[PDB]
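To get this note's numbering, take the position in the sequence shown, counting from 1, and add 231. We treat Cβ as the ideally placed atom computed from N, Cα and C, and that holds for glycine. Worksheet: one structure, shown below.
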Amino acid sequence: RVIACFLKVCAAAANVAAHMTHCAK
Ligand SMILES: [Zn+2]
């Protein structure tokens, strides 16, 4: 969902599964 991501480039990477690494719980 990359919705919880409160970043720009991070959330704007179209890679939730990839972003989840640096944006997990
Ligand atoms: Zn993120």
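Exposed or buried, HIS250, counting other C-beta atoms within 10 Å across all chains shown (16 or more means buried)?
Buried: at least 16 other Cβ atoms inside 10 Å.
If you measure from the CB of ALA242, is any heavy atom of ligand 1 nearer than 7 angstroms?
yes
Residue span of the alpha helix (DSSP H) that contains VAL247, given as start and end
Looking at the DSSP string, the run of the alpha helix (DSSP H) that includes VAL247 is 247-250.
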